[PDB]
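Structure, as structure tokens:
Please note: Cβ atoms are built from the backbone with ideal geometry, for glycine as well, and neighbour counts cover all protein chains shown. Just so it is clear, none of the values below were taken in a lab; they were calculated from the coordinates.
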Amino acid sequence: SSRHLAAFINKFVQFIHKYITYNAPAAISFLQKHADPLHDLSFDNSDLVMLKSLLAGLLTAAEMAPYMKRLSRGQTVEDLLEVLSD
Amino acid sequence: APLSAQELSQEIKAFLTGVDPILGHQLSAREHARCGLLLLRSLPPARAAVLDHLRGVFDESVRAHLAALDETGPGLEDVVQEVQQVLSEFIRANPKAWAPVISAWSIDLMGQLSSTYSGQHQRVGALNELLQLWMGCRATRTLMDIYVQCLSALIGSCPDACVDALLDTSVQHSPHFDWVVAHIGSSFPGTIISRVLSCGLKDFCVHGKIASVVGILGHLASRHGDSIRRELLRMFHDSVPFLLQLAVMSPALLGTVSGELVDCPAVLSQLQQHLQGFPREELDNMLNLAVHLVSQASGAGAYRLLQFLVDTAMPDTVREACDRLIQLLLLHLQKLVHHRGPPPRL
Amino acid sequence: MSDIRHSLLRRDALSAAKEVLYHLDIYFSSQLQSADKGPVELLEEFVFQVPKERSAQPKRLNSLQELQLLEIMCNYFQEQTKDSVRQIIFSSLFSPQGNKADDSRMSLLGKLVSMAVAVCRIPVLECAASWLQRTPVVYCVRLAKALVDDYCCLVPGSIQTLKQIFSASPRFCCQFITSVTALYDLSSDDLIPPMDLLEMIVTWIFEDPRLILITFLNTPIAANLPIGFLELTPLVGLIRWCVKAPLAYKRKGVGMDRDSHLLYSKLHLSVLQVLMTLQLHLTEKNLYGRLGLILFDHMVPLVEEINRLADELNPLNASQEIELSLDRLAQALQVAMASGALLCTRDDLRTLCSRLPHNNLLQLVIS
């Protein structure tokens, strides 16, 4: 039942990426010491792309720009309401 | 399981004439590969046939595997796994005897297929995405695995020759070769990035595609390995505007610019003064590259960069060039901001 | 005619080359009773993948077609049933002809010989042994070293195949022993014999005197050939190899190879049987002529080599090994003197002992 926690596992792998970024050898030591559960999780759940990629390997203003445009050039309550709901 | 002399002759006639001499019928690809493995367990002066047989069998295997992958022959998973096991057994027995010829032959066909197949099939930066596409297939994955074993065996002996052969084959088979060298750079940073920067500077020496290939390789290699790239670039800079060109091509080089802001005292000023003998056209290209780099890519603590730049304007020819550069930078930023008028810039 | 050559100058697996070789062999056999360099050189170049023109492209490279041609040649040679024709073809194929692929042609001939040995082509193996006897020791010994390095370094069984062939072919075994002695000259680290090759040599020391006697009785020996035409008795090489037990550590960290003393000593112990057999063959029989055995005045060079090579810390680290090697050398000299292999009188090696480490074995040799 691991398929409802996609965002939680996304936060987990964000933590994993930061962990290997600052303290690489500790993350390597932790993963290699417990390699069997990690490989077991990789094999059992084929849906885990990120785990396999991690084990093998080792937005912006461009989208928000029309919305803050509408918010800045928004005079009527309707425009502000719609852009704020968006 | 030894093979007798007459049995060896029969296996020769089987894989070589295609027909087993007793039954009188042509053999299949799986029988061909198993006969090749049987021959691999025997006479090494007979292993050139084994080498071309493995080349042909792996060509057919790659064709079938990638055709099945893109459309989304028979499976060859277990035989390939046994081949992987037996080559690991050889490279464990004695690296010096097997490693050079097998590495050269493998890299040879690995580039041949990269040059031929790539960019021509149904659906075949995007370089790392392409790398995922090849790692979708298993035969090339196993080939890369055993080659990695070869290099791990060839680290203390002569890795320089191996990487020289690798980069030369990449030069012949560019730009379709470079996923292999991208993966090995991810596996092995130092020598690979050193050869990448040497290739880049020699390419600038040539041109003063391949430069784009070098930049793409650097981008694909900067996955948690750009610190060594920054150190190597700094070492090259210590001795060169190819670095500016690559940064213009590769935005990830801005990470090195954060340290480069603190890297350049009066010693750096004199070093810049020494390089100042370049001609006016080269100087124009250099200043255009400098403003494009400091504007379009500096997404870090560049207030320190600006403060250092303005402080230099507060050696003498360096200061004149720097205040001029500041003026051009302001004009460039004005061009960037007030333009096109509607999506915005960045 | 050149039309047949042009028809045989296409494909690297063409049977036309085999047909041309068979026709040339038949012509040589027909004219042998009443008895060309160019045809043999052309046939070798065609096999060596070098075209007829002296500076043209290679003859269709190799690929699987070269393997097919080699297999066809091996099949023909095994069923050739002609000792003289096979010997002439083998001598022509592995001779230095000055072409661009001469070394590669010799290597391919050695590869085919190894394939024939694996195929148990006994008449072809005998023809190859005779051709090696009709070949210089340098090129033949280099080819043998290459074949040994190819086979021995592989998985176990190649040493077993070599031992089986040595049991089958004694002339090939004697040639291999001489080639191994020439390769294991105690000159460098590579001169230290490999483990698999040494194991095969030690295991094949049950009929070494018999193989030496068979090689001696195979053909009467003429005067000294050019740099050695595969001399049967490689006693100097075995004696040096027994002496060079600490030289394995000396040439090398330092203690990389030091366990081979016992195996070399066991292999050297076969020389006693060889010495007795040689004494029976020469002194007891009518073969007491010439210099007794194959000496070639090499005893002085052997003593000089022992003196030069033993300088690596002989005093304390290898004192016992030096004394044992001196005892082995004294035993070899006594065996040669008793068996008549060394026809020269004293002071040929006693003076050489002056520039060697002093031991009780030196006095025993003098006594």
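Just tell me how shielded B:44-57 is by partners: mean number of partner chain Cβ atoms within 10 Å of each residue's Cβ, no decimals.
Working: counts 9, 14, 9, 4, 7, 9, 1, 4, 6, 2, 0, 2, 2, 0.
The shielding value for this peptide is 5.
Beyond 42 Å, what share of the Cα-Cα pairs of the protein assembly as shown is found? Please give it as a whole percent.
When all Cα pairs of the protein assembly as shown are counted, 53 percent exceed 42 Å.
In what sequence, highest mean first, do B:216-226, C:107-117, C:285-295, A:27-37 appear when ranked by Cβ atoms within 10 angstrom?
Averaged packing, sorted descending, gives the order C:107-117, B:216-226, C:285-295, A:27-37.
Quick one: go through region C:234-254 and flag any residue whose amide nitrogen is under 12 Å from the point 7 Å out along the Cα-to-Cβ line of residue C:317.
What the label zone holds, given the 12 Å backbone N cut-off, is C:246-254.
Using only DSSP helix segments of four residues or longer, with each worth -39500 (n - 2.57), what per-residue ellipticity at 222 nm results for chain C after dividing by its residue count and rounding to 500?
Roughly -18500 deg cm²/dmol at 222 nm, from the helical runs in chain C.
Over 20 Å, how big is the tail of the calculated P(r) for region B:287-346, in percent of all Cα pairs? Show your work: numbers first, answer last.
Details: 520 of 1770 pairs.
The share of Cα pairs beyond 20 Å in region B:287-346 comes to 29 percent.
Any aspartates and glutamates with Cα under 17 Å of the residue C:250 Cα? List them, leaving off those in the same chain fewer than 8 positions away.
List returned: C:185, C:189, C:190, C:259, C:305, C:311, C:312, C:321, C:323.
In region C:194-275, if the dipole is taken from +1 on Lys/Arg beta carbons and -1 on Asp/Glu beta carbons about the Cα centre, which of C:241, C:271, C:211 is farthest to the positive end?
C:241
What relative contact order, as a whole-number percentage, does region C:64-220 give when Cα pairs under 8 Å and 6 or more residues apart are counted?
Result for region C:64-220 is 20 percent.
If every alpha-carbon in chain B counts as one equal scatterer, what log10 I(q)/I(0) does Debye give at q = 0.06, 0.08, 0.10, 0.15 1/Å?
Result of the Debye calculation: -0.34, -0.54, -0.74, -1.25.
Provide the packing ranking of C:121-129, C:95-103, B:171-179, i.e. peptides ordered by the mean count of other C-beta atoms within 10 Å per residue, highest first.
Result, highest mean first: C:121-129, B:171-179, C:95-103.
Given N residues in region C:98-138, what is its alpha carbon radius of gyration divided by 2.2 N^0.38 Å?
Working: Rg = 11.1 Å, N = 41, 2.2 N^0.38 = 9.0 Å.
So region C:98-138 has a normalised radius of gyration of 1.23.
Measure out, as a whole number of angstrom, how far apart the alpha-carbon centroids of region C:285-319 and region B:279-346 sit.
That distance is 82 Å.
Please give the FRET efficiency for residue B:127 paired with residue C:222, using the beta carbon to beta carbon distance and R0 = 60 Å, rounded to the nearest 0.05.
After rounding, the FRET efficiency stands at 0.25.
Within 10 Å of each Cβ of C:148-161, how many other protein chain Cβ atoms are there on average?
Numbers: counts 0, 2, 6, 4, 1, 7, 11, 7, 1, 4, 3, 0, 1, 4.
Per residue, the average neighbour count from other chains is 4.
So what's the gap between the Cα centers of region C:223-275 and region C:1-52, to the nearest angstrom?
So the two Cα centres are separated by 43 Å.
Using label points projected 7 Å from each Cα along Cα→Cβ, tell me how many nm separate residue B:59 and residue B:198, to one decimal.
For residue B:59 paired with residue B:198, the spin-label model returns 3.2 nm.
Hey, what's the Cα Rg ratio for region B:11-151 versus the globular rule of thumb, 2.2 N^0.38 Å?
1.11
Can you work out the FRET efficiency for the pair residue B:249 and residue B:6, with r the C-beta to C-beta distance and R0 = 41 Å, to the nearest 0.05?
0.05
From the C-alpha gyration tensor of chain C, pull out the three semi-axes of the equivalent ellipsoid (sqrt of 5λ each), sorted largest to smallest, in whole Å.
Semi-axis lengths for chain C are 43, 23, 18 Å.
Across region B:248-253, in residue order, what do the Karplus-derived ³J(HN,Hα) couplings come to in whole Hz, using 6.51 cos²θ - 1.76 cosθ + 1.60 with θ = phi - 60° and x for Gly and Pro?
4, 6, 10, x, 5, 5
Say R0 is 25 Å: what FRET efficiency, to the nearest 0.05, do residue C:79 and residue C:6 get from their beta-carbon distance?
Once the sixth-power term is evaluated, E becomes 0.35.
Label points 7 Å out from Cα along the Cβ direction at residue B:280 and residue C:269: separation in nm?
The answer from the label model is 9.3 nm.
Please report, in debye to the nearest 20, how large the charge dipole of chain C is about its Cα centre when each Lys and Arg carries +1 at its beta carbon and each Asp and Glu carries -1 there.
Dipole of chain C, to the nearest 20 debye: 380 debye.
Fewest to most neighbouring Cβ within 10 Å: what's the order for C:76, A:67, C:249?
A:67, C:76, C:249
With N residues in region B:180-260, what two-decimal value do you get for its Cα radius of gyration over 2.2 N^0.38 Å?
0.97
Give me the net charge for the shell around residue C:186: Cβ to Cβ below 9 angstrom, other residues only, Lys and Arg +1, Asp and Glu -1.
Overall, the nearby charge balance is +1.
Determine the relative contact order of region C:271-367: mean sequence separation of Cα pairs under 8 Å and six or more apart, normalised by residue count, in whole percent. It would help to have the intermediate numbers written out before the result.
Numbers: 68 pairs, mean separation 39.8, N = 97.
Reported as a whole number, the value is 41 percent.
I want to check the label-to-label distance for residue B:28 and residue C:23. Put each point 7 Å from Cα in the C-beta direction and report it in nm to one decimal.
Result for the modelled spin labels: 4.3 nm.
Seen from all sides and averaged, what is the projected area of the convex hull of the Cα atoms in region C:45-147, in nm²?
Result: a mean projected hull area of 6.3 nm².
Out of every Cα pair in region B:108-214, what percent are spaced more than 20 Å from each other?
That tail contains 40 percent of the Cα-Cα pairs.
What pairs from A:18/A:69; C:163/C:285; C:145/C:244 go past 23 Å between their alpha carbons?
A:18/A:69; C:163/C:285
Choose one of B:330, B:51, B:172: the residue whose Cα lies farthest towards the positive end of the charge dipole of chain B (beta-carbon charges +1 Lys, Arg; -1 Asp, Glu; about the Cα centre).
Of B:330, B:51, B:172, it is B:330.
Just counting partner chain Cβ atoms within 10 Å, what average do the residues of peptide C:64-71 show around their Cβ?
Neighbouring Cβ atoms belonging to other protein chains average 6 per residue here.
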